[PDB]
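Working notes for the structure below.
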Amino acid sequence: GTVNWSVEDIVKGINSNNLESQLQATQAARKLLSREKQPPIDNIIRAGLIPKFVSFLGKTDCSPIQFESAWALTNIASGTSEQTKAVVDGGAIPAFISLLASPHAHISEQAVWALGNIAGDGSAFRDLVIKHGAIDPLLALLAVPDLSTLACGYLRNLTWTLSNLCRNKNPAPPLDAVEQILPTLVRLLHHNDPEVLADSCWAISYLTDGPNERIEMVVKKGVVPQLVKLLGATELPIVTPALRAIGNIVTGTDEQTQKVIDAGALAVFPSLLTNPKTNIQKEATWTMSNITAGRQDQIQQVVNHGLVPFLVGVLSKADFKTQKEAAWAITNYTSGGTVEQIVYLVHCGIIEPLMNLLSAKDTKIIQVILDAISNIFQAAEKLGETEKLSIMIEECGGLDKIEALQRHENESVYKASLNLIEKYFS
Amino acid sequence: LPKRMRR
């Protein structure tokens with residue numbers, strides 16, 4: 001029975017000169033820290049136990065106390081930034097990195113987990129873990145011919161810790177560290193375990209959330225086709241990070257965007273744009289908006305895949321945030337599209353849901369919609385059809401909205417609505 | 001998800 005000791009008992013045992021009494025009290029500490037009702041992390045920290053646990057990490061001749069203190073320190077490090085800091089301040093980083101070499105899989109796994117909590121605190125501790133040299137021993141834990149021979153929970157913990165080394169910005173992780181880690185991430189992106197795949201996708205989405213040189217580091221490894229495949233997965237915990245990574249990638253150059261189109265991503269968007277999860281619809285529409293901001297032949301691929309009716313559908317009925325992203329998709333489309341493409345977009349029914357959205361209480365979406373309207377009117381002048389479109393906007397209640405928006409707080413709103421009223425409704 | 005307690 002090491003169940004339900006007091007912190008004072010734990011301190012008394014850890015302070016004895018008896019390694020076995022210390023092992024008993026460390027296991028008591030661990031069981032205290034792995035109950036879910038409010039683990040007394042701060043009392044353990046305050047008792048001054050962290051340096052003792054960290055020294056127990058180096059008792060290679062008593063592997064049980066290595067394990068129990070590794071687990072206790074893991075759970076302290078799982079807490080607030082101050083609690084993680086207390087663990088780091090006890091010298092835990094190099095001791096856990098040494099434990100990565102342990103012959104006992106449960107102990108090296110626990111060192112992997114602890115290092116993942118430390119790195120997961122943020123940029124500074126992530127970079128400190130990297131500077132102490134964790135990446136090579138971590139990656140060496142995966143240097144086997146076939147990932148499937150590793151224990152499931154083990155491989156999952158390693159994948160999660162690696163993704164935490166890829167995570168966070170300001171600054172993003174060191175370029176050389178990202179380059180060291182990426183080949184292993186690519187291998188994990190082809191593993192068959194859903195949880196490994198989800199965490200690998202999260203890591204790729206972190207690496208692609210930056211400037212185009214970061215995106216390019218990833219796209220150059222040729223993972224986009226695999227990301228599109230995962231974009232078609234049935235498991236939502238996979239589709240969410242695959243979609244986020246794909247959308248990050250299309251915020252880059254038109255050639256990076258083109259790699260996404262080339263890999264076949266557009267064929268998944270009918271189901272993504274009607275997906276029952278609001279966040280999937282929102283992120284798919286955001287991705288579409290950064291694709292309609294591309295070249296006219298890319299706008300044309302959007303058209304050929306039949307996606308303009310889906311954008312019309314999401315503009316007509318969706319969560320308001322999704323509708324804002326659809327408004328952006330439409331304004332980008334109209335800004336870059338040919339006149340034929342803008343005409344197509346009107347023929348699909350864009351005007352009425354665009355009008356209906358002008359009555360929303362969000363300034364930016366109203367600016368976005370008015371900009372799209374102006375672009376469509378300019379395509380109409382190019383065809384001498386401005387009267388027809390004026391009639392359409394008047395026929396669905398739009399004119400009332402633009403006129404009422406003449407008297408609006410925002411400067412751009414009233415300026416643009418007044419411009420439209422004078423240029424086309426007079 | 002960024003930090004994980006065991007058990």
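Counting neighbours? That spans all protein chains shown, and the Cβs are built from the backbone with ideal geometry, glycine included. Each reported figure results from applying straightforward, stated rules to the coordinates on display, with no laboratory input.
Here are the numbers for the structure shown:
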{"quantity": "Top-ranked residue in the range A:33-48 [being away from chain B (no Cβ under 14 Å) and under 19 Å from B:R6 (Cα atoms); ranked as farthest from the chain's Cα centre (by Cα)]", "calculated": "A:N43"}
{"quantity": "Subset tally (residues that are in a loop (DSSP other than H, G, I, E, B), in contact with an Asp or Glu (Cβ under 8 Å, 6 or more places away or on another chain) and over 15 Å from A:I215 (Cβ atoms)) for the range A:173-198", "calculated": "1"}
{"quantity": "Answer residue from the range A:93-113, given it is of a type in the set (G, A, S) and not in a helix (DSSP H, G or I) and is surrounded by the most Cβ atoms within 10 Å (Cβ to Cβ) among those", "calculated": "A:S102"}
{"quantity": "Residue list for the range A:290-335, restricted to those being more than 24 Å from A:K277 (Cβ to Cβ) and among the hydrophobic types (A, V, I, L, M, F, W, C)", "calculated": "A:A293, A:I299, A:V303"}
{"quantity": "Counted residues, the range A:114-125 - those being surrounded by fewer than 24 Cβ atoms within 10 Å (Cβ to Cβ) and either in a helix (DSSP H, G or I) or more than 14 Å from chain B (Cβ to nearest Cβ) (or both)", "calculated": "3"}
{"quantity": "Set A:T257, A:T253, A:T234: member being out of contact with any helix residue (DSSP H, G or I) (no Cβ under 6 Å at 6 or more places or on another chain) and under 28 Å from A:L273 (Cβ atoms)", "calculated": "A:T234"}
{"quantity": "Meets criteria (of a type outside the set (S, T, Y) and under 21 Å from A:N290 (Cβ atoms)) for A:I391", "calculated": "no"}
{"quantity": "Test set (1) closer than 22 Å to A:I135 by Cα; (2) within 14 Å of another protein chain (Cβ to nearest Cβ); (3) in contact with a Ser or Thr (Cβ under 6 Å, 6 or more places away or on another chain) - A:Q27 fails condition number", "calculated": "(1)"}
{"quantity": "Selection from the range A:151-172 of residues that are surrounded by 17 or more Cβ atoms within 10 Å (Cβ to Cβ) and not in a helix (DSSP H, G or I)", "calculated": "A:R167, A:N168, A:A172"}
{"quantity": "In the range A:16-47, residue farthest from A:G79 (Cα to Cα) [restricted to those that are in a loop (DSSP other than H, G, I, E, B) and touching a helix residue (DSSP H, G or I) at 6+ places or on another chain (Cβ under 8 Å)]", "calculated": "A:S16"}
{"quantity": "Filter result (small (G, A, S), part of a loop (DSSP other than H, G, I, E, B) and touching a residue at least 40 places away in the same chain (Cβ under 8 Å)) within the range A:208-266", "calculated": "A:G210, A:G252"}
{"quantity": "Cβ pairs under 7 Å, 6+ apart, first in the range A:52-65 and surrounded by 15 or more Cβ atoms within 10 Å (Cβ to Cβ), second among the basic types (K, R)", "calculated": "A:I65/A:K59"}
{"quantity": "Filter result for A:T84 (over 26 Å from A:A151 (Cα atoms), within 11 Å of chain B (Cβ to nearest Cβ) and in contact (Cβ under 8 Å) with a residue 40 or more places away in the chain)", "calculated": "yes"}
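Condition check ((1) assigned to a loop (DSSP other than H, G, I, E, B); (2) crowded, with 20+ Cβ neighbours inside 10 Å; (3) in contact with a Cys (Cβ under 7 Å, 6 or more places away or on another chain)) across all residues:
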position	(1), (2), (3)
A:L345	no, yes, no
A:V368	no, yes, no
A:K388	no, no, no
A:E403	no, no, no
A:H408	yes, no, no
